Amino acid sequence: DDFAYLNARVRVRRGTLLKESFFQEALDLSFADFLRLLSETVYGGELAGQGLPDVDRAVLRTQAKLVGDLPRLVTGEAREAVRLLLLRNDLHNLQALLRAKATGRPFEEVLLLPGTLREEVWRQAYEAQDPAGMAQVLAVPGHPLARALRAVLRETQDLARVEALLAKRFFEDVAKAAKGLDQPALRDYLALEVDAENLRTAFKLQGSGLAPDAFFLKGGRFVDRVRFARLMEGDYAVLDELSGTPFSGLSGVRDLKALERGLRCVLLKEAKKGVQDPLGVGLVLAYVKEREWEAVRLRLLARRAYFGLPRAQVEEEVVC
Amino acid sequence: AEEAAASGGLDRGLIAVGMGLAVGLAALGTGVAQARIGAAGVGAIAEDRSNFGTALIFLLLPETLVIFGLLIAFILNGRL
Amino acid sequence: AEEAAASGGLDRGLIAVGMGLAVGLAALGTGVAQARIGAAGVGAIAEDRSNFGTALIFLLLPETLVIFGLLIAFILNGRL
Amino acid sequence: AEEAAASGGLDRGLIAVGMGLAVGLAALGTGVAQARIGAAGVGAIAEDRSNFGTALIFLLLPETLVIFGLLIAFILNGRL
Amino acid sequence: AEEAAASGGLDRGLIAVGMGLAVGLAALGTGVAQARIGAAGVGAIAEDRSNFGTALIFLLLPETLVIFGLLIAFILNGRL
Amino acid sequence: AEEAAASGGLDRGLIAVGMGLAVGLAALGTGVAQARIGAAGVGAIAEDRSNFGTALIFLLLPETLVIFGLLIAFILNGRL
Amino acid sequence: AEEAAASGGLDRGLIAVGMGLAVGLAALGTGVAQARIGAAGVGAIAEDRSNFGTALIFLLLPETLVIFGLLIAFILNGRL
Amino acid sequence: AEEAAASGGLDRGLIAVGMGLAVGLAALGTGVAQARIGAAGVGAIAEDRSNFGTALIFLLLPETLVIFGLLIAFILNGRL
Amino acid sequence: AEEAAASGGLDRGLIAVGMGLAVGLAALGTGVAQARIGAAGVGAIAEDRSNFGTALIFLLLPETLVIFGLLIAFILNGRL
Amino acid sequence: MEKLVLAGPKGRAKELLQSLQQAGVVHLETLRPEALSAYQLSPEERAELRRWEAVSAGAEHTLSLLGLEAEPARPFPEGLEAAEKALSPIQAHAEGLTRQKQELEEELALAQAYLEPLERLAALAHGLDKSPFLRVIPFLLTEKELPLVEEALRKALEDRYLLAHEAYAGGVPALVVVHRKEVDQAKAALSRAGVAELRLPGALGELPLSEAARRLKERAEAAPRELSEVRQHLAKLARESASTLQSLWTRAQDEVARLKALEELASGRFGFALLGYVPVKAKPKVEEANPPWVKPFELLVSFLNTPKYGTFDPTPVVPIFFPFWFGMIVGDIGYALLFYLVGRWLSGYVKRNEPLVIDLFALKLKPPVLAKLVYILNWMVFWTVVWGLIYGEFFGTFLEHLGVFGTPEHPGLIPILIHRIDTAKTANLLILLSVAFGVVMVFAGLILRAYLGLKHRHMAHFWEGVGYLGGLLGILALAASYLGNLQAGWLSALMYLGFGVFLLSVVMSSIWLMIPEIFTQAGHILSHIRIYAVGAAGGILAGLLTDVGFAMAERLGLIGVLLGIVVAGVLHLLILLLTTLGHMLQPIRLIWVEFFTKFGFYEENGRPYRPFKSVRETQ
């Protein structure tokens, strides 16, 4: 098993993470100067073309070899712990894959990177012609996200529903396993991920007339059914009573964009102070949030530069 | 025994070997327990200040075990 | 055993040998109990500077575990 | 023991076994406390050079335990 | 002198077990304590070569326990 | 005891039992440190050759611990 | 006893029993440490097919301890 | 190894206990060393069908501790 | 030789005690090893539902160490 | 005159100015950062810089393709025009050759894989792959799959389908031949088993089988010959013009650095700044202005001249290292004796390695430039091995003797039987002799530590540093009461009580808010003692492994033992090396207790300037 070698491999990698002062420089640059800067970094090391499709691809391929190769390098008890983190990036691939089989559209225009399910699992799944067979091919790597899929697929074959019940059931699955793999660092974070999900499920489905109890799943810290119901009526006075959590910063805010920005920045923060717990999954935890967030800012800074958008429209979203 | 002179007992020496076990293991165990609640307490303040009280009530509980152990050692050895 | 001076009877020796088990096992327990809260404790400061005090006060409690184990040992050793 | 350098009684050898434990085990506990908190301190410097000190004050606290073992050994082998 | 033999003795053998606890246990705690620091040290040099001094001072730090344990063993076993 | 060319004796034999604990434990601690760091060193050279020297220095450091446990052991048994 | 000793009996036998503890513990620490890294190491060989060797050499390093400790017991148990 | 009269004897028993230890202890270290690396390594062949040859050469490196202990054990407690 | 202490007295007594350690430890190192391979092995049957044969054989490999230790001991005390 | 621009740090304003003043540059006047503003590069200047980067990069690109990269210190002054005209033909030619080479290599890789199946398949339905009447579908099956596929097809397609297969060494490439308009059904049958159609990349995949098979056989034969040629032309181009690129690279790089220098100085990013004037003559002149001991000292003079704190020279370090370092080597039978030989291979040359070529021309595993730098190091190693051979006879004082010990100079059976460094009295004094040097180093670091706070003028460091040195005295005092008991050390049993007052009495004058932490200051004292003890005793242990490696460990000793022991001896060598190299790291481990704790030394928890480990790497 064991994170002893694996943590060590990641510590060398934390050396080539992009510090805050790069994005600071990049805003001052035009697209031509941005491109010269980008090539110094490790995302730059996969670059294959000046234009936009190529920037999206260099970023993605950097994430595929430095982050998406982690579950293979461990096994067992190590592997389950690392796997839960990786699983969110796999769910994104799965939801798109499930949707290409079902609505008959090509394999293309989806997210592919390795994680827990390999590239070949997604190709064999795609080519499967019965949803049940599609499901056994997915169940081969082993993970809680299969077991979550399997139960939802028994109730339904409707696209929109499978998507929602899979996500709900999946975070519930994740939580139980994670609580049983211990460590304070992971527990604090898990709580925030669920709390953030809860808020966020409420925002995405806002005003659809639905049940507010459906947007609250266990794992919480301070949020409950009533806050959800008020929130659903359109009242944001609930967020103004929400303190003692690091979402203290959501108070007095009522725009969906500022609210959701806020949750992603909070989750970033928890993970960045998990490096005072680098033992076990703590360090990897911090490493994945930072590679993800970094990749996102280079894509936003590249878009902002190419189309000559307003600076303040993106300067605020590239810092927490 | 006493530090003063007022005890003697061939039987008692054997009682000391056997009793050293019970105190030592109870302090080991109580400590390991204590730590989990204390790390948990870090989380409790983080989650909500007002229910620092919750960390406090659980945290009292492993203490009972060492304390109980100290009294058992005195009765079996050192009472006289 | 003896407090002042080294043991000079086989019985005094044997008691010493037992009493050691309690201070050793405790000594170890203070150590493990400190580490989980202690490592987190830095994190306390980090997250919230004002509640640096909250972490320390938890860490202090395992120190109690050793002093309780010593007191039994200090009394018991002097005579048989 | 208090009297041991190149010869000694069978009895003296027995106090040396028991007391030997108490210090050795403190060193053991110090090292476990140190492992966790030390490892955390490497995170802190990495992030910000200037708050090497916070890690150091939290770390300074398990040293107290090694010193506590010494004193138990010292008193019980023979009072100063 | 401090800790020597040339002829051995029955007394010495019991003395030998006792002195052996201290070095053995201390080094076990030194080994683990280093080991964790050592893992974290890969990270210190990696982020910045301006914390690289700090990483060296952390690594030297768990040695004090083992050095201390050599000393307790020599002292107890060479004081009259 | 002796280690000139033999160490035969029932008395010496007692010393031999006593020391081997200390070697044992010291060697045990070395095993956890040296291996973990050695793996960590192979990752350092593979990504960056600008940290190939740090990786090598770290490997050596846990070797001192196992030698300490041998040296004490030799010392009680007739010296070097 | 051994084929490079010519002192056997009860006397050699106590030493052999006792010194045997040390190698066994050196093997235990070595054992646990080699295994964890070796498993992670499969991924290392998997990645580096031209630098596969590096992984192989890191495995060999904990073994150095066990074997070194056997050789020390050999000297002690027969030097003629 | 062998049992006979000329690979046997009372003289042979003193050798047999020491040498017997050598296989046991080597066996101890080997089982744990081999397990994680072997657990992960058989797994690799299950996943990727091009690591099977690598896994077999890799597997023998922890096997080396028992094979080593075995050569000592066999020769010294052979015939004559 | 055999394990006795009245078919050879004190000389014999040492062989019996020492040999027990080789078997006992062979059994510990194997026992733990079996668990690791078992734990990993589950993945392999789920993944490849007809590569049942691969998981069973990988598991067999630690059993080898107990058959090695347990026989060596048995042959040697089988002489008489 | 030529205008020249200068920078430095604020801390060394006077020392920098004095040095520059002497060097050639005259008329030195200070400039504050507000003056440096408004002298940022004009757009034309930035365009030259952009262009200088392209040439730098562009070489790195061309030179990497062509073969290996090498960075010399030899530029070739040229224009913008000259450098870009140089670069354009070679980059073009090389880009072109590498592209052919990739296409040639990919084609081979596919053709090597898929010639044998396509041959087999083409053969089976020969002349019936270009007919409209019959449809063919190629696909691969393994022995395992063949029965399933046949069943599936047979039920789906009745008995008016044709399933044929022909082997190739392993599985079978199979072909199913079906009527036109029975294509969908045929496909559906393969898809249900999980088997799918084999189609190759490009035109070949789309061509009839017979065309595809003939052409693949042709490509496998042609490619290896053409690949050889393209690789050859590319090798020649590197051979003749690798230098041209390297010289452009260096020159281009110097210009980039110069223009970057002016943009930084311009934004007022150097705190102490000077302006001055040099005649054209003066312009070179400004840039212009027992081996064991002397040799490393002359390179250290460059660090004498740049101080950074209240610190003193980093030069006390080197003679503390040398005695202690030589005394880790103490063998004389197959330890120091074997190690003598090692010295010659680093300070001469070998070819018995592959990554290492000939050292005499500066060619090693290490980069060719680094290898020329570590000549000095290699010498310092050579001096250590030499002196270790002498301290191997020092050890043999305690071994060899014809009456004092029970082992002659060379017995006539085998050199060395049993070591006679197992005398109790003999081991203790060599340990106590070694300890004395560790003590001398404790005084030397803390005495400089105080002088540091006196001349850095921070009383808090002075006071703390003085006090800690009192504790050493207590530490030694206490030891004497146990090393001599009351026969000796009854001359320090009463000074010890007062030595303890001194430890705390000066430290409290700075106050200090962690009084316990003084325990760890006493930890540092203790280490110098234990490390020097480990340095002797662990050194001596090195020799005692050699008992069973090149000394009697077979029979009772005899003539045969000499050439029998070498079985174990060689196996023992790599084991021996690994543990004794571990000891040689003690000198630096010792040094760092004091060096990074600011005991008359530059470092103190971080801060620029290297650990002495890295300094001594080259010296």
# chains A, B, ... in the order shown; residues from 1 in each chain; ligands from 1
>>> calpha_fit_rmsd(fixed="chain E", moving="chain H")
3.0 Å
>>> interface_residues(of="chain H", to="chain I", cutoff="7 Å", atoms="only C-alpha atoms", output="PyMOL selection string")
chain H and resi 1+3-4+8-10+12-14+16-17+20-21+23-25+27-29+31-32+35-36+39-40+42-43+46
>>> closest_atom_pairs(of="chain J", to="chain E", cutoff="6 Å", atoms="only C-alpha atoms", output="Markdown table")
| residue | atom | partner | partner_atom | distance |
| --- | --- | --- | --- | --- |
| J:482 | CA | E:79 | CA | 5.5 |
| J:483 | CA | E:1 | CA | 4.6 |
| J:523 | CA | E:64 | CA | 5.8 |
| J:605 | CA | E:54 | CA | 5.0 |
| J:606 | CA | E:53 | CA | 4.3 |
| J:607 | CA | E:50 | CA | 5.7 |
>>> closest_atom_pairs(of="chain A", to="chain B", cutoff="10 Å", atoms="only C-alpha atoms", output="Markdown table")
| residue | atom | partner | partner_atom | distance |
| --- | --- | --- | --- | --- |
| A:183 | CA | B:39 | CA | 9.2 |
| A:184 | CA | B:39 | CA | 6.6 |
| A:185 | CA | B:43 | CA | 9.1 |
| A:187 | CA | B:43 | CA | 8.6 |
| A:188 | CA | B:43 | CA | 6.5 |
| A:191 | CA | B:47 | CA | 9.1 |
| A:192 | CA | B:47 | CA | 9.6 |
| A:220 | CA | B:47 | CA | 9.3 |
| A:221 | CA | B:47 | CA | 5.7 |
| A:222 | CA | B:47 | CA | 7.2 |
| A:243 | CA | B:48 | CA | 8.2 |
| A:244 | CA | B:48 | CA | 4.9 |
| A:245 | CA | B:47 | CA | 5.8 |
| A:246 | CA | B:46 | CA | 8.3 |
>>> closest_atom_pairs(of="chain A", to="chain J", cutoff="10 Å", atoms="only C-alpha atoms", output="tab-separated table")
residue	atom	partner	partner_atom	distance
A:33	CA	J:50	CA	9.8
A:124	CA	J:194	CA	9.0
A:127	CA	J:194	CA	8.5
A:128	CA	J:194	CA	8.1
A:129	CA	J:192	CA	8.2
>>> select_by_dssp(residues="region 186-245 of chain A", states="alpha helix (DSSP H)", output="list in words")
residues 186, 187, 188, 189, 190, 191, 192, 193, 194, 195, 196, 197, 198, 199, 200, 201, 202, 203, 204, 225, 226, 227, 228, 229, 230, 231, 232 and 233 of chain A
>>> write_last_selection(atoms="N, CA, C and O atoms", output="compact mmCIF listing (two decimals), in the first residue's frame")
# COMPACT_ATOMS: atom_id res chain seq x y z
N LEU A 186 -8.88 15.10 6.38
CA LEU A 186 -9.86 14.69 5.46
C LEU A 186 -11.30 14.91 5.88
O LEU A 186 -12.13 15.33 5.02
N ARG A 187 -11.59 14.62 7.20
CA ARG A 187 -12.88 14.87 7.79
C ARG A 187 -13.31 16.26 7.71
O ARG A 187 -14.46 16.58 7.41
N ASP A 188 -12.42 17.29 8.01
CA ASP A 188 -12.83 18.72 7.97
C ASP A 188 -13.21 19.13 6.56
O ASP A 188 -14.28 19.73 6.40
N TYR A 189 -12.46 18.66 5.58
CA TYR A 189 -12.62 18.98 4.20
C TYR A 189 -13.93 18.46 3.58
O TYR A 189 -14.57 19.19 2.87
N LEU A 190 -14.26 17.25 3.95
CA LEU A 190 -15.41 16.39 3.57
C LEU A 190 -16.67 16.97 3.96
O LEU A 190 -17.64 17.04 3.20
N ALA A 191 -16.64 17.53 5.16
CA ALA A 191 -17.69 18.33 5.71
C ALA A 191 -17.99 19.58 4.89
O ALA A 191 -19.15 19.93 4.64
N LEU A 192 -16.91 20.24 4.45
CA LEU A 192 -17.00 21.44 3.60
C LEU A 192 -17.47 21.18 2.17
O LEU A 192 -18.20 21.93 1.53
N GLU A 193 -16.99 20.01 1.66
CA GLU A 193 -17.40 19.61 0.31
C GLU A 193 -18.89 19.34 0.28
O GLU A 193 -19.63 19.77 -0.65
N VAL A 194 -19.44 18.60 1.31
CA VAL A 194 -20.84 18.34 1.42
C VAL A 194 -21.61 19.65 1.69
O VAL A 194 -22.71 19.88 1.10
N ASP A 195 -21.17 20.53 2.57
CA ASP A 195 -21.84 21.76 2.87
C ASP A 195 -21.98 22.65 1.67
O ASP A 195 -23.04 23.24 1.54
N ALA A 196 -20.90 22.77 0.88
CA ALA A 196 -20.76 23.48 -0.40
C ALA A 196 -21.66 22.92 -1.49
O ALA A 196 -22.29 23.68 -2.23
N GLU A 197 -21.80 21.56 -1.55
CA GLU A 197 -22.62 20.83 -2.46
C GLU A 197 -24.08 21.18 -2.18
O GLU A 197 -24.89 21.20 -3.12
N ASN A 198 -24.47 21.33 -0.89
CA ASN A 198 -25.77 21.51 -0.37
C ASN A 198 -26.40 22.81 -0.67
O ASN A 198 -27.56 23.04 -1.05
N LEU A 199 -25.54 23.84 -0.50
CA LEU A 199 -25.75 25.21 -0.84
C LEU A 199 -25.97 25.30 -2.27
O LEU A 199 -26.89 25.90 -2.78
N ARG A 200 -25.04 24.62 -3.07
CA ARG A 200 -24.91 24.67 -4.52
C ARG A 200 -26.01 23.97 -5.24
O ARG A 200 -26.61 24.55 -6.17
N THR A 201 -26.50 22.86 -4.71
CA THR A 201 -27.67 22.13 -5.23
C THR A 201 -28.93 22.99 -5.10
O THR A 201 -29.75 23.01 -6.04
N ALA A 202 -29.00 23.79 -4.02
CA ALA A 202 -30.05 24.64 -3.76
C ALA A 202 -30.11 25.79 -4.76
O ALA A 202 -31.12 26.05 -5.38
N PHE A 203 -28.94 26.44 -5.02
CA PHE A 203 -28.74 27.49 -6.05
C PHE A 203 -29.06 27.00 -7.44
O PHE A 203 -29.79 27.74 -8.10
N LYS A 204 -28.61 25.80 -7.93
CA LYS A 204 -28.72 25.44 -9.31
C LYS A 204 -30.23 25.23 -9.66
O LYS A 204 -30.69 25.68 -10.72
N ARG A 225 -32.51 22.01 6.73
CA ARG A 225 -33.72 22.04 5.90
C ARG A 225 -34.42 23.37 5.79
O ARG A 225 -34.87 23.68 4.65
N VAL A 226 -34.51 24.13 6.92
CA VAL A 226 -35.20 25.34 6.91
C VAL A 226 -34.44 26.36 6.06
O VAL A 226 -35.08 27.12 5.38
N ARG A 227 -33.07 26.42 6.12
CA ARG A 227 -32.29 27.44 5.41
C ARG A 227 -32.45 27.31 3.99
O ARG A 227 -32.62 28.36 3.33
N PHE A 228 -32.45 26.02 3.49
CA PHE A 228 -32.74 25.53 2.16
C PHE A 228 -34.10 26.00 1.74
O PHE A 228 -34.10 26.56 0.63
N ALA A 229 -35.25 25.78 2.55
CA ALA A 229 -36.61 26.24 2.18
C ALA A 229 -36.76 27.69 1.98
O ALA A 229 -37.28 28.10 0.94
N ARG A 230 -36.15 28.55 2.91
CA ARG A 230 -36.15 29.96 2.77
C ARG A 230 -35.42 30.33 1.53
O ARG A 230 -35.87 31.22 0.80
N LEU A 231 -34.22 29.67 1.27
CA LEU A 231 -33.37 29.96 0.13
C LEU A 231 -34.07 29.75 -1.22
O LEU A 231 -33.84 30.51 -2.15
N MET A 232 -34.88 28.71 -1.25
CA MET A 232 -35.71 28.27 -2.35
C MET A 232 -36.83 29.26 -2.63
O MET A 232 -37.32 29.34 -3.76
N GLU A 233 -37.26 30.04 -1.57
CA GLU A 233 -38.31 31.03 -1.82
C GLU A 233 -37.62 32.25 -2.52
O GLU A 233 -38.37 32.97 -3.22
>>> atom_distance(atom1="CA of residue 538 (chain J)", atom2="CA of residue 599 (chain J)")
27.2 Å
>>> residues_around(residues="residue 287 (chain A)", least_positions_apart="3", cutoff="10 Å", atoms="only C-alpha atoms", output="list in words")
residues 10, 11, 13, 14, 17, 67, 271, 272, 274, 275, 282, 283, 284, 290, 291 and 292 of chain A
>>> write_last_selection(atoms="C-alpha atoms", output="mmCIF file, in the first residue's frame")
data_model
loop_
_atom_site.group_PDB
_atom_site.id
_atom_site.type_symbol
_atom_site.label_atom_id
_atom_site.label_comp_id
_atom_site.auth_asym_id
_atom_site.auth_seq_id
_atom_site.Cartn_x
_atom_site.Cartn_y
_atom_site.Cartn_z
ATOM 1 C CA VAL A 10 4.118 14.526 -4.942
ATOM 2 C CA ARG A 11 6.422 16.678 -2.718
ATOM 3 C CA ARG A 13 5.909 17.911 -7.848
ATOM 4 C CA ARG A 14 4.710 20.631 -5.405
ATOM 5 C CA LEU A 17 3.206 24.376 -8.826
ATOM 6 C CA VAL A 67 -2.408 14.113 -11.305
ATOM 7 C CA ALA A 271 -7.058 22.243 1.622
ATOM 8 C CA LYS A 272 -4.195 24.730 1.635
ATOM 9 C CA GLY A 274 -3.934 20.664 5.333
ATOM 10 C CA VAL A 275 -0.164 20.803 4.796
ATOM 11 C CA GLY A 282 -3.682 15.503 3.509
ATOM 12 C CA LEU A 283 -0.903 16.508 1.148
ATOM 13 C CA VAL A 284 -2.452 14.849 -1.947
ATOM 14 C CA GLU A 290 -4.158 23.472 -6.325
ATOM 15 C CA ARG A 291 -3.527 21.715 -9.740
ATOM 16 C CA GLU A 292 -7.231 22.085 -10.580
#
>>> residues_around(residues="residue 117 (chain A)", least_positions_apart="3", cutoff="12 Å", atoms="only C-alpha atoms", output="MDAnalysis selection string")
(chainID A and resid 68:72 83 86:94 97 112:114 120:125 137:143 145:146) or (chainID H and resid 47) or (chainID I and resid 47)
>>> write_last_selection(atoms="N, CA, C and O atoms", output="CSV table (one decimal), in the first residue's frame")
chain,number,residue,atom,x,y,z
A,68,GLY,N,-3.6,12.5,-12.8
A,68,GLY,CA,-4.5,11.4,-13.1
A,68,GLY,C,-3.8,10.1,-13.1
A,68,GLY,O,-4.4,9.0,-13.4
A,69,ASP,N,-2.5,10.0,-12.8
A,69,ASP,CA,-1.7,8.8,-12.7
A,69,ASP,C,-1.5,8.3,-11.3
A,69,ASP,O,-0.9,7.3,-11.0
A,70,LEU,N,-2.1,9.2,-10.3
A,70,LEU,CA,-1.9,8.8,-8.9
A,70,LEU,C,-2.6,7.6,-8.4
A,70,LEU,O,-1.9,6.8,-7.7
A,71,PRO,N,-3.8,7.2,-8.8
A,71,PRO,CA,-4.4,6.0,-8.2
A,71,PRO,C,-3.7,4.7,-8.5
A,71,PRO,O,-3.8,3.7,-7.7
A,72,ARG,N,-2.9,4.6,-9.6
A,72,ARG,CA,-2.2,3.4,-10.1
A,72,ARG,C,-1.0,3.1,-9.4
A,72,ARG,O,-0.5,2.0,-9.4
A,83,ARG,N,-8.5,7.5,-4.2
A,83,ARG,CA,-9.5,7.2,-5.1
A,83,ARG,C,-10.7,8.1,-5.1
A,83,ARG,O,-11.2,8.6,-6.1
A,86,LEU,N,-10.1,11.4,-6.7
A,86,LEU,CA,-10.1,11.2,-8.1
A,86,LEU,C,-11.3,11.1,-8.9
A,86,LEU,O,-11.6,11.5,-10.0
A,87,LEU,N,-12.3,10.4,-8.1
A,87,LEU,CA,-13.7,10.1,-8.4
A,87,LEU,C,-14.5,11.2,-8.9
A,87,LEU,O,-15.4,11.0,-9.7
A,88,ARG,N,-14.4,12.4,-8.3
A,88,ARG,CA,-15.1,13.5,-8.8
A,88,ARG,C,-14.7,13.9,-10.3
A,88,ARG,O,-15.6,14.2,-11.1
A,89,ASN,N,-13.4,13.8,-10.7
A,89,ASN,CA,-13.0,14.0,-12.0
A,89,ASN,C,-13.5,12.9,-12.9
A,89,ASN,O,-13.9,13.2,-14.0
A,90,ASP,N,-13.5,11.6,-12.4
A,90,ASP,CA,-14.2,10.5,-13.1
A,90,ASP,C,-15.7,10.6,-13.2
A,90,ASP,O,-16.1,10.2,-14.3
A,91,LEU,N,-16.4,11.2,-12.2
A,91,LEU,CA,-17.9,11.4,-12.4
A,91,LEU,C,-18.2,12.2,-13.5
A,91,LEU,O,-19.2,11.9,-14.3
A,92,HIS,N,-17.4,13.3,-13.8
A,92,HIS,CA,-17.6,14.3,-14.9
A,92,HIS,C,-17.5,13.5,-16.2
A,92,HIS,O,-18.3,13.7,-17.1
A,93,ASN,N,-16.5,12.6,-16.4
A,93,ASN,CA,-16.3,11.8,-17.6
A,93,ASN,C,-17.5,10.9,-17.7
A,93,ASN,O,-18.0,10.6,-18.8
A,94,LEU,N,-17.9,10.2,-16.6
A,94,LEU,CA,-19.0,9.3,-16.6
A,94,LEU,C,-20.3,9.8,-17.0
A,94,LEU,O,-21.0,9.2,-17.7
A,97,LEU,N,-20.1,10.4,-20.6
A,97,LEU,CA,-20.1,9.2,-21.3
A,97,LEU,C,-21.5,8.5,-21.4
A,97,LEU,O,-21.8,7.9,-22.5
A,112,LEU,N,-12.0,13.3,-21.3
A,112,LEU,CA,-11.2,12.1,-21.1
A,112,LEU,C,-9.9,12.5,-20.5
A,112,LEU,O,-9.2,13.3,-21.1
A,113,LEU,N,-9.6,11.9,-19.3
A,113,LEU,CA,-8.3,11.8,-18.7
A,113,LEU,C,-8.3,10.5,-17.9
A,113,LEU,O,-9.4,10.0,-17.6
A,114,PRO,N,-7.1,9.9,-17.5
A,114,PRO,CA,-7.1,8.8,-16.6
A,114,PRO,C,-7.3,9.3,-15.3
A,114,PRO,O,-7.0,10.5,-14.9
A,120,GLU,N,-9.6,3.0,-21.9
A,120,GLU,CA,-10.1,1.8,-22.5
A,120,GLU,C,-11.4,1.3,-21.9
A,120,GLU,O,-12.2,0.7,-22.7
A,121,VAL,N,-11.7,1.5,-20.7
A,121,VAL,CA,-12.9,1.3,-19.9
A,121,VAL,C,-14.0,2.1,-20.4
A,121,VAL,O,-15.0,1.6,-20.7
A,122,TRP,N,-13.7,3.4,-20.7
A,122,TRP,CA,-14.6,4.4,-21.4
A,122,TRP,C,-14.9,4.0,-22.8
A,122,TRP,O,-16.0,4.1,-23.3
A,123,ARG,N,-13.9,3.6,-23.6
A,123,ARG,CA,-14.1,3.0,-25.0
A,123,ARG,C,-14.9,1.7,-25.0
A,123,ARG,O,-15.8,1.6,-25.9
A,124,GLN,N,-14.6,0.7,-24.2
A,124,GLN,CA,-15.3,-0.6,-24.1
A,124,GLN,C,-16.7,-0.3,-23.7
A,124,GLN,O,-17.6,-1.0,-24.1
A,125,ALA,N,-17.0,0.7,-22.7
A,125,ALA,CA,-18.3,1.0,-22.2
A,125,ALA,C,-19.1,1.6,-23.3
A,125,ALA,O,-20.3,1.3,-23.5
A,137,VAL,N,-18.7,-3.3,-17.3
A,137,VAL,CA,-17.4,-2.7,-17.8
A,137,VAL,C,-17.0,-1.7,-16.9
A,137,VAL,O,-15.8,-1.7,-16.6
A,138,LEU,N,-17.9,-0.8,-16.4
A,138,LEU,CA,-17.5,0.3,-15.4
A,138,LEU,C,-17.1,-0.1,-14.1
A,138,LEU,O,-16.3,0.5,-13.4
A,139,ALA,N,-17.8,-1.2,-13.6
A,139,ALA,CA,-17.6,-1.9,-12.3
A,139,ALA,C,-16.2,-2.6,-12.3
A,139,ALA,O,-15.7,-2.7,-11.2
A,140,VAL,N,-15.5,-2.9,-13.4
A,140,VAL,CA,-14.2,-3.5,-13.4
A,140,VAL,C,-13.1,-2.7,-12.6
A,140,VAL,O,-12.5,-3.4,-11.7
A,141,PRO,N,-12.8,-1.3,-12.6
A,141,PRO,CA,-11.8,-0.9,-11.8
A,141,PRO,C,-12.0,-1.0,-10.3
A,141,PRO,O,-11.1,-1.0,-9.5
A,142,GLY,N,-13.3,-1.0,-9.9
A,142,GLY,CA,-13.6,-1.1,-8.5
A,142,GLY,C,-13.5,0.3,-7.9
A,142,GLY,O,-12.5,1.0,-8.0
A,143,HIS,N,-14.6,0.7,-7.3
A,143,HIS,CA,-14.9,1.9,-6.7
A,143,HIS,C,-16.3,2.1,-6.2
A,143,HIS,O,-17.2,1.4,-6.6
A,145,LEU,N,-18.2,4.6,-6.9
A,145,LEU,CA,-19.0,5.3,-7.9
A,145,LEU,C,-19.8,4.3,-8.8
A,145,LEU,O,-20.9,4.6,-9.3
A,146,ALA,N,-19.2,3.0,-9.0
A,146,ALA,CA,-20.0,1.9,-9.6
A,146,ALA,C,-21.2,1.6,-8.8
A,146,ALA,O,-22.3,1.3,-9.4
H,47,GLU,N,-4.0,-6.0,-14.0
H,47,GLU,CA,-4.3,-4.7,-14.7
H,47,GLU,C,-3.7,-4.6,-16.1
H,47,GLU,O,-4.4,-4.2,-17.0
I,47,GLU,N,-12.2,-7.4,-10.8
I,47,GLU,CA,-11.6,-6.7,-12.0
I,47,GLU,C,-11.7,-7.7,-13.1
I,47,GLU,O,-12.4,-7.5,-14.1
